[PDB]
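Chains A, I, H, N, E, B, F and G, in that order, are what the protein sequence lines are. Mapping of the first sequence onto PDB author numbering: residues 1 to 219, 230 to 250, in sequence order. Each residue of the second sequence is one higher than the last, beginning at 1 in PDB author numbering. Each residue of the third sequence is one higher than the last, beginning at 1 in PDB author numbering. Each residue of the fourth sequence is one higher than the last, beginning at 1 in PDB author numbering. Each residue of the fifth sequence is one higher than the last, beginning at 3 in PDB author numbering. Each residue of the sixth sequence is one higher than the last, beginning at 1 in PDB author numbering. Each residue of the seventh sequence is one higher than the last, beginning at 2 in PDB author numbering. Each residue of the eighth sequence is one higher than the last, beginning at 2 in PDB author numbering. Backbone N, C-alpha and C fix where the C-beta goes; we use that ideal spot for every residue, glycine too. First up is the structure itself, then whatever we jot down about it.
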Amino acid sequence: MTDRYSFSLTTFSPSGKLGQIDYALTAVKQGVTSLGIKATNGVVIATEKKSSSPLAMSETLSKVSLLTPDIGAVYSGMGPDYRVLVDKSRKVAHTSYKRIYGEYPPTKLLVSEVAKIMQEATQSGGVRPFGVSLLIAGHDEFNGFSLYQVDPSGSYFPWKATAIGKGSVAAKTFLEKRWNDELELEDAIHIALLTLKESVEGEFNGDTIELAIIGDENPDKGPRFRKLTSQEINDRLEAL
Amino acid sequence: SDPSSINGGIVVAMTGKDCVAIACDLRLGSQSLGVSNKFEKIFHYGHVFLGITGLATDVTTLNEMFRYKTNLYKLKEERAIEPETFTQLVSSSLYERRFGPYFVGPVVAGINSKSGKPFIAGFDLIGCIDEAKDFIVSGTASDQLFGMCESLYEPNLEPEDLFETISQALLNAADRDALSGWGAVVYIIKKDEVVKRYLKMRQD
Amino acid sequence: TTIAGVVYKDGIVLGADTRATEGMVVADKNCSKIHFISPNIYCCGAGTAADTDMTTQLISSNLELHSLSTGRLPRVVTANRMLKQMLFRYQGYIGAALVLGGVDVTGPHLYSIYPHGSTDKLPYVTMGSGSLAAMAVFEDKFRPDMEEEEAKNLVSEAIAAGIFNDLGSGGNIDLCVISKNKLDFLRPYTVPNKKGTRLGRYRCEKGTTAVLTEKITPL
Amino acid sequence: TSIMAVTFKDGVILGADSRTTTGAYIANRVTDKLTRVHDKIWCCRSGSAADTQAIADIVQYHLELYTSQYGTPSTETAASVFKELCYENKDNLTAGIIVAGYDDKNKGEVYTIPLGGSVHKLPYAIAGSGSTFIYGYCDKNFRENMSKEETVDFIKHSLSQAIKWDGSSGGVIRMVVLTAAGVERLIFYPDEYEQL
Amino acid sequence: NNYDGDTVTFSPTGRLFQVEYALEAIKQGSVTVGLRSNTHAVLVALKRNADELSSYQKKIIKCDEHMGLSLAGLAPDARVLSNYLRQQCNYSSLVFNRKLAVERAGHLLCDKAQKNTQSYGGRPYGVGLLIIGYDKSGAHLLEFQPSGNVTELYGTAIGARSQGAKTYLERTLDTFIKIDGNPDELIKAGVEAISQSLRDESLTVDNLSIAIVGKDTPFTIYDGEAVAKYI
Amino acid sequence: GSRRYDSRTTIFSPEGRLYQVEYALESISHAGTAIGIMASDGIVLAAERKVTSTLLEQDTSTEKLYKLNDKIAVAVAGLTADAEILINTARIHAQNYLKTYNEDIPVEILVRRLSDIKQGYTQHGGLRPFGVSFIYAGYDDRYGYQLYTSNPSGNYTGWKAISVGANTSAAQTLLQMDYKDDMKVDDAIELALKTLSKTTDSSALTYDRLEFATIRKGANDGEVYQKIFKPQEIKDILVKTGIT
Amino acid sequence: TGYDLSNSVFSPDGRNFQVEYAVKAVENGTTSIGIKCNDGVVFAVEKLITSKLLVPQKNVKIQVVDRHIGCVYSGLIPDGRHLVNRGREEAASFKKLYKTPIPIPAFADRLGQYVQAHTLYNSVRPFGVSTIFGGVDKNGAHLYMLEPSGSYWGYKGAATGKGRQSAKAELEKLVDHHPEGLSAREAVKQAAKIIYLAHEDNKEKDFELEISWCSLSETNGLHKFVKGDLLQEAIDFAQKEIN
Amino acid sequence: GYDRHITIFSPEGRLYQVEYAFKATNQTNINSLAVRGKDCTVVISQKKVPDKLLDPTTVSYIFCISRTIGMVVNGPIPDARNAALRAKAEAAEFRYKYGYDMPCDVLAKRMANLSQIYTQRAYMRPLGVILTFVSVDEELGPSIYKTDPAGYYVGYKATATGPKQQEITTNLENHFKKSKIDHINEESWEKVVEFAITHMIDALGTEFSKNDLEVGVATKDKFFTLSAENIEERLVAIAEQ
Ligand SMILES: *[C@@H](CS(C)(=O)=O)[C@H](Cc1ccc(CN)cc1)NC(=O)CNC(=O)[C@H](CC(C)C)NC(=O)[C@H](Cc1ccccc1)N=[N+]=[N-]
Ligand SMILES: [Cl-]
Ligand SMILES: [Mg+2]
Ligand SMILES: [Mg+2]
Ligand SMILES: [Mg+2]
Ligand SMILES: [Mg+2]
């Protein structure tokens, strides 16, 4: 055992394309739809719990993850790749930030750190890029509420609202029509549930949808991240 | 031999009503020999002020180190560091040399730009935080300053009342210390103006 | 310092004084010595204060990451292990002397952790320079399976013993009551000494200090 | 500290006082110095509490991992792991450990590991500061193939004396019985043993 | 074919082509013969010159007072392996005050050669060795192949046209094994054996190299006019 | 072994070109155009964002213009993630220099450092180069206002005006036509926007598709000020110059 | 295609062709066997006499590990030696820590994990040997056989090499005709016969029989080579059965 | 086409080596099943001893990882043992560092995160195995967690693995559709094993003797495998009703 792969597995092709990044993006395209919408007093992130079997307990599989008390993440693409990015995002939020400054990182900086990790898989020796795109929603004192997308390349962009994966083209058009700068958090949740219904084939309820918010503090502060319960989603599906 | 009392000198910081004050003497010596009467011990990174007593090479090094760190902090965060955050940064930075420490006695002073709350803090040489509202003292005449501050101080002083309190605390403490004095500086810090005053004191 | 803990019927009561000393001088009269480890676990700290702070913070941080990955509340034994194995590794050079108390899935647990990496699992413990004063109160009056307000009084009484009789200890009494149903962080629980009242005003009048030069810069 | 392990007909019994002192201060008067490294392999600890705790935890780990792979370890194997740690780290340790365990093949076995890190297999073993005072007594009163009640009494009397004379020892006498029948914990309070 | 790019790749019939190509380098090397009795062990080696101005490449290397080898193939690899034997012989003497057993020497050479055949980046050794020695169990002769296969024999030969010498020894087996307490007659049998592998060229004074080890004979090499006696 | 899969990123072609550098430059040619223009009294950085949707949060967005210290900024063309790796390295070099000499790093020294890092990826390590070209806009008290560019090869050069990314050929001709040495910042602002307006592959140049910045000594008491333009300010300067 | 050019590559089947190619080297080797008896194990191997110049009884193939384990293998002989060297390191580190000599199942997995490790990367070649090994431990006798993939199982009898089918058929008869078990001295005789019968697949060249054994009664649970009279008695029994 | 030899993306966004490792999974031709009772978790697996020379006691794909955790493997034995040894090592290290027994799901996630690494790093191949972990967790109760070569993992009410997994899965799905509960409502593990075996017989359409099965049972504070005679008693009870 020598890890002999000390050379890049992502290289520029004659056209200027980085093949593996493009192919990672194709993997993201095949993944289940997830979306994010930013309101004035909160952010919402949502995705479909595409259950691989009905015998599987889909509650045990969390697609929406808490990164810090005020930051949450969702993805489209390869689940195992997402899981290890969440682990590293949680850890880096302590090592390179909380243990130094005594507070959690702001959304943009935690995003930047995740982006860095993904960029390094795009240039380091003997690795493929991550096969996920992340949607990171968060709050911090000086920047307020924010929503970011992070792609396999390591590129990130802040969004008012967006979607990624399967039905993203259609979903983004849907969001463009509905979004305005005066949405309350409940209005954004309502729009998220509408937008997500289009890309979902089968059952559409609190058990098959995962949806979280970055909003008010839930009681040194309380955490702004909150994952909506199966019941809380179903309540809003009656007013749909 | 004792690194914390080769070069000498003192820093004191106080809170007031919508203001903080931090002050230091100007002496640098080699024990008995006075060398410099222009060795200031208070620095600032944005609106956060940091006094440092102790071994002068470490005072200089830590200033340069916190300038470095707060500059990168600002570039990344797109805002100036706050006193509360900086205090934690100082503590971290000191404790990472736990078993080969900087022989210093740092003192943070500033006003939180968002909340407006006056803030001071002190540390031992390995970064334990003294987080006191009233006053923070440091240096070779720290005992002297503790006494002066405890009897002179009272809460919610107006900027120019506070000036007289911190100045007299510094001056009279310094004059009972062989290794402090040779001049003094007092910063009066408010939410959006800072007044720096050099004091007239005995030059022995 | 005087720090103590007891195991009572429903859980744990931790106690601490508030005097932070540099040598013989008192730097802070209201210093917090009861530290957060996790939501169900707290740590009273004595010995070298920086070591106590940073050791509890590091293990609190690592337990937070552990608890995010497992999705369940951390245990006192894992806090105990992580503190213990670190302190042992450093052979006493990290002068952290902790009273660790918390409530698990397995019930309430109380530990004393020493700088060298030994730990005792006990129904009551005391540490710091006021441990003997505090322990006298526990040997006098402790019984197993106390009610909450009784245990609170006993710990408070034990900290008080340290405050008065030990010079290293002083200020206020902080408690932390941990049970399955709640966490009560009582700071301060008691103020056994009034701050001394000063009879004169020694503050100088404006223009008393002699200034050489002045500079004003706006922000 | 006063500790002992004694083999008898049906297996082995470990015994210990409960006092842990910091100089003349009794830091813990109800210490459990009988620690479990496997189902029916236990040890008596003397020396640095930090060191003997750290060792006993590492041993428990090694025997847990041994058991995962190769099934129940022998008492000899447990003693060998203790020894390996104590001997290889003799310069940084102060540990005097008695290892006692029950196999069905071998029955009761007692191994003592003194400061050097040497191993000695014995019918019974005594150790700790309070052991000096009972070499005479234990040598005169020990017999092989005692009954459970005789061995409980032998340990009770012996540690009673060790406690009486040694200021570093005291509190309750804990015992752990290791037989085919299982694991039994016994405790004996001052009011019982002092009047012997 | 596709499976000969490196040593780490088995062919579809379970062959290691790089090892077989290394084996080929030996066949291209000059002939050398080994043989022994109960008292002595002999190496005979036909040295090869580049041209008439050049020297004749040395084939025999001494490993200890009681052991040494003859080489056929890449001479630098023989130097590496002989140096390794010298060290192992030396380590045995220094640490255990013990002359290294010839059988154990073979085992060590085998395992050294093996590591080069299972790992990426390296290459097999491109040389064959005939190790003679006299140890506590009498005279010994070994044949080393860079595959790793070491083999204890009464007599053998390796290199170009070595089959002729090897057949001769196979016939002479019952005669030369009995040449006890007579070094010169054992060398004669070795010189006669190596002669069966000659074509066109014959054994001249600076062509022939002979070595011997035995009961009361340290490993000594004979070159030049020392071997004229046997021509 | 592994050799089979090795692209060999650090080799010459038979013509004496570095394949990966050339292909990285091809990558960069598709990136949004960035322009730097140096005047006598300041520098202008202008850059075109790419793809954009109406839903992109522009005011908190930074893909083109980055701050290295208070005196030096960069405009990016290429992989934004690759740039941010290099940017954080540069930001450290400036502070290491400041800590060592107690003076702000000279612009060229920083530029050489980054450019030397890029070079290293082309000569050793077997890794792909950084798919990034920088325009460096900076000031120091030796040379005053300076523009540089670097590219994946690690080569850097100094400029009076320059473009990188898309349509550089067209952009450089238009700059070469209208640039003059006595020009001022307000004029260079106008030239930069006019050049982008003609070379853009979009239908029209609007505020939401631009990042814009100026480094002026034009401050009170002769001190250098970096101004990263806000979305509303870019919209105002577009109206002022008469493009919208 | 190209899936067989690199070790540790899954073909579209889910196979590692390089390992299967290693098996071909094993199948190419000489016949080796193992027989589990009442209180021990017997190992035997076919040693092809390539030439008259080979010294008889000198080129020993069966290797001892620790003092209680015997190993024999078919295929690339150096690869087998490399594996036994590792086995000796494993058995040594086990005894150093745990005092007791390594149990056979424990030892089997040590070899198993190591051989399997050489199917995890393209920088190493798989082992070109099937290894038959075993001995006596505290739980009695154990016989194992370990393939290039890292696969191993416990066996009543085992056989590998060119004459494995012949041998296997013979081993299966013994298992059927002796459910109560085979004695150690019987197993030595039977081992000799089975190598002699399995020699029909390598019939061109003549061969040399080598046998070893661990038995609780016959060798005190230690690995010993069958030598002299007992070896000749087993050869005579084998020669009688072929005629 | 080297995108099929190592773990890099194909143009479709696929990792062919991961997919081919999944195919290696069925190379044993063994079907496993896992179900949960009230107090227990039962895992059963087919046992096939094709060679008469094999010692049938040593032919096992069920592993005792810790005292509380059992692991059945669907895939070749060398990779199964690779995974077993690591899972044991991880479970022991966990208990040492954190002072309590490694939970079933935490181990599963740990093994899954390791499996993920082999799908991203080129020098390491995936293991050709699916790992089904079982325990009676002290917090979560009866637990079934499964890991595969992709590095995916999830908790199960019940599961099945192997060539005929779909038949077993649907058989189980249909039973839980009737009962409308996440478990086998049964007090004794003995009857939960009887259920597991019965529903495998129905799904596969094959009868079993005592030597055709291999059974693992997790209870509170221990996991254990049943002997041939314990299984025979189980089979007798099934036949008698
Ligand atoms: C009481 C401990 S005691 C005297 O053994 O009973 C308190 C405990 C305590 C816990 C938590 C906090 C707040 N995080 C504070 C105190 N410990 C002390 O009073 C010990 N005091 C300190 O550590 C001083 C804190 C300063 C902020 C006043 N620091 C010192 O005395 C340093 C100690 C030191 C010196 C050299 C090397 C290492 C440490 N002396 N100085 N400069
Ligand atoms: Cl992990
Ligand atoms: Mg003075
Ligand atoms: Mg003076
Ligand atoms: Mg006593
Ligand atoms: Mg891979």
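Partner residues on chain N for residue 122 of chain H, Cβ-Cβ distance less than 9 Å: By 1-based counting over the third sequence, the position of residue 122 of chain H is 122. Proximity of chain N to residue 122 of chain H at the Cβ level (cut-off 9 Å) is accounted for by 28 and 30, in chain order.
So with Cβ pairs under 8 Å, would you call residue 1 of chain B a contact of chain E? Within the sixth sequence, the letter at position 1 stands for residue 1 of chain B. It does: the Cβ of residue 1 of chain B has a partner Cβ on chain E nearer than 8 Å.
Confirm the yes/no value for this check: CB of residue 8 of chain I, any heavy atom of ligand 3, distance under 7 Å. Taking the second sequence and counting its residues from 1, the one referred to as residue 8 of chain I is at position 8. It does not: the Cβ of residue 8 of chain I is nowhere closer than 7 Å to a heavy atom of ligand 3.
Counting only Cβ pairs nearer than 9 Å, list the residues of chain B close to residue 122 of chain A. Walking along the first sequence from the start, residue 122 of chain A turns up at place 122. The answer, in chain order, is 79, 81, 82 and 128.
Mind checking which residues open and close the alpha helix (DSSP H) that includes residue 120 of chain I? In the second sequence, residue 120 of chain I corresponds to position 120, counting from 1. Where residue 120 of chain I is concerned, there is no enclosing alpha helix (DSSP H), although the beta strand (DSSP E) it sits in stretches over 118 to 123.
Mind checking which residues open and close the alpha helix (DSSP H) that includes residue 129 of chain G? Indexing the eighth sequence from 1 puts residue 129 of chain G at position 128. Taken as a continuous stretch (DSSP letters only), residue 129 of chain G belongs to no alpha helix (DSSP H), as it is neither H nor E.
Nearest-angstrom Cβ-Cβ length linking residue 158 of chain F and residue 70 of chain F, presumed shorter than 8 Å: Within the seventh sequence, numbered from 1, the residue matching residue 158 of chain F stands at position 157. Within the seventh sequence, numbered from 1, the residue matching residue 70 of chain F stands at position 69. Contact doesn't hold; Cβ gap of about 18 Å is too wide.
Beta-carbon contacts of residue 185 of chain G that lie in its chain and below 7 Å, excluding the five residues immediately before and after: Position 184 of the eighth sequence, counted from the start, is the residue given in the question as residue 185 of chain G. The answer, listed in chain order, is 36, 37, 38, 193 and 196.
So is residue 93 of chain E in contact with chain F if we call contact Cβ pairs under 8 Å? Counting from one through the fifth sequence, the residue named residue 93 of chain E turns up at place 91. So no, residue 93 of chain E is outside the interface.
C-alpha distance - residue 64 of chain A paired with residue 5 of chain N, whole-angstrom precision: Looking up residue 64 of chain A in the first sequence gives position 64. Looking up residue 5 of chain N in the fourth sequence gives position 5. In a straight line, the C-alpha of residue 64 of chain A is about 56 Å away from that of residue 5 of chain N.
Any idea if residue 183 of chain N is buried or exposed, counting beta-carbon neighbours within 10 angstroms, 16 or more meaning buried? Translated into positions along the fourth sequence, residue 183 of chain N becomes position 183. Sixteen is the threshold: since fewer than 16 other Cβ atoms of the shown chains lie within 10 Å of the Cβ of residue 183 of chain N, the residue is exposed.
For a contact defined as C-beta to C-beta under 9 Å, what are the partners of residue 4 of chain A on chain F? Residue numbering aside, residue 4 of chain A sits at position 4 when the first sequence is read from its first letter. 122, 123 and 124, listed in chain order.
CB contact below 8 Å: residue 89 of chain G versus chain N: Indexing the eighth sequence from 1 puts residue 89 of chain G at position 88. Chain N places a beta carbon closer than 8 Å to that of residue 89 of chain G, counting this residue as a contact.
Between the Cα of residue 225 of chain G and the Cα atoms of G/176, G/16, G/41 and G/51, which residue gives the shortest distance? Within the eighth sequence, the letter at position 224 stands for residue 225 of chain G. Residue 225 of chain G has its Cα closest to that of G/41, out of G/176, G/16, G/41 and G/51.
On the criterion of 16 or more Cβ atoms from any shown chain inside 10 Å, does residue 202 of chain A qualify as buried, or is it exposed? Residue numbering aside, residue 202 of chain A sits at position 202 when the first sequence is read from its first letter. Counting Cβ neighbours within 10 Å, residue 202 of chain A comes out exposed, since fewer than 16 surround it.
Measuring straight from C-alpha to C-alpha, what distance separates residue 12 of chain A and residue 219 of chain B? Translated into positions along the first sequence, residue 12 of chain A becomes position 12. Translated into positions along the sixth sequence, residue 219 of chain B becomes position 219. In this structure, the alpha-carbon of residue 12 of chain A lies about 44 Å from that of residue 219 of chain B.
Any idea what DSSP makes of residue 184 of chain G, helix, strand or coil? Indexing the eighth sequence from 1 puts residue 184 of chain G at position 183. In the three-state reduction of the DSSP assignment, residue 184 of chain G falls in the coil class, being assigned neither a helical nor a strand state.
List, in order along the chain, the chain I residues whose C-beta lies closer than 9 Å to that of residue 91 of chain B? Within the sixth sequence, residue 91 of chain B is the residue found at index 91, counting from 1. Ordered by position in chain I, the residues that pass the 9 Å Cβ test against residue 91 of chain B are 71, 72, 75 and 76.
Have a look at residue 80 of chain N and residue 99 of chain F and give me their C-alpha separation to the nearest angstrom. For the purposes of this step, residue 80 of chain N is taken as residue 80 along the fourth sequence, with counting starting at 1. For the purposes of this step, residue 99 of chain F is taken as residue 98 along the seventh sequence, with counting starting at 1. Between the alpha carbons of residue 80 of chain N and residue 99 of chain F lies a distance of about 6 Å.
Is residue 68 of chain H close to chain A, meaning its C-beta is less than 8 Å from at least one C-beta of that chain? Mapped onto the third sequence, residue 68 of chain H falls at position 68. With 8 Å as the cut-off, residue 68 of chain H counts as an interface residue toward chain A.
State the DSSP-derived secondary structure class of residue 149 of chain A, mapped to helix, strand or coil. As a first step, residue 149 of chain A must be located in the first sequence, where it is residue number 149. Residue 149 of chain A sits in a strand when the DSSP states are folded into three classes.
Between the stretch 114 to 138 of chain E and chain B, which residues of the former have CB atoms less than 8 Å from a CB of the latter, in chain order? Of all residues in the stretch 114 to 138 of chain E, those with a C-beta nearer than 8 Å to a C-beta of chain B are 122 and 123, reading in chain order.
Near-chain G residues of the stretch 5 to 30 of chain B - C-beta to any C-beta below 8 Å: When C-beta distances to chain G are compared with 8 Å, the residues of the stretch 5 to 30 of chain B below that value are 5, in chain order.
For the stretch 80 to 111 of chain E, which residues have a CB atom closer than 9 Å to at least one CB atom of chain F, in sequence order? Here the close residues are 105 and 109.
Using only CA atoms, which one of B/41, B/166, B/215 and B/27 lies nearest to residue 202 of chain B? Mapped onto the sixth sequence, residue 202 of chain B falls at position 202. Ranking B/41, B/166, B/215 and B/27 by Cα distance to residue 202 of chain B puts B/166 first.
Grab me the residues of residue 141 of chain G's own chain with a C-beta within less than 8 Å of its C-beta, minus the 5 sequence neighbours each way, in chain order. Here the question's residue 141 of chain G lines up with position 140 in the eighth sequence. Contacts found: 104, 105 and 106.
Cβ-based burial, residue 165 of chain N [other Cβ within 10 Å; buried from 16]: Within the fourth sequence, numbered from 1, the residue matching residue 165 of chain N stands at position 165. Label assigned to residue 165 of chain N: exposed.
How many whole angstroms separate the CB atoms of residue 161 of chain B and residue 148 of chain B, which I take to be in contact at a CB cut-off of 8 Å? The residue given as residue 161 of chain B occupies position 161 in the sixth sequence. The residue given as residue 148 of chain B occupies position 148 in the sixth sequence. Under the criterion of beta carbons closer than 8 Å, residue 161 of chain B and residue 148 of chain B do not qualify as touching, at roughly 12 Å.
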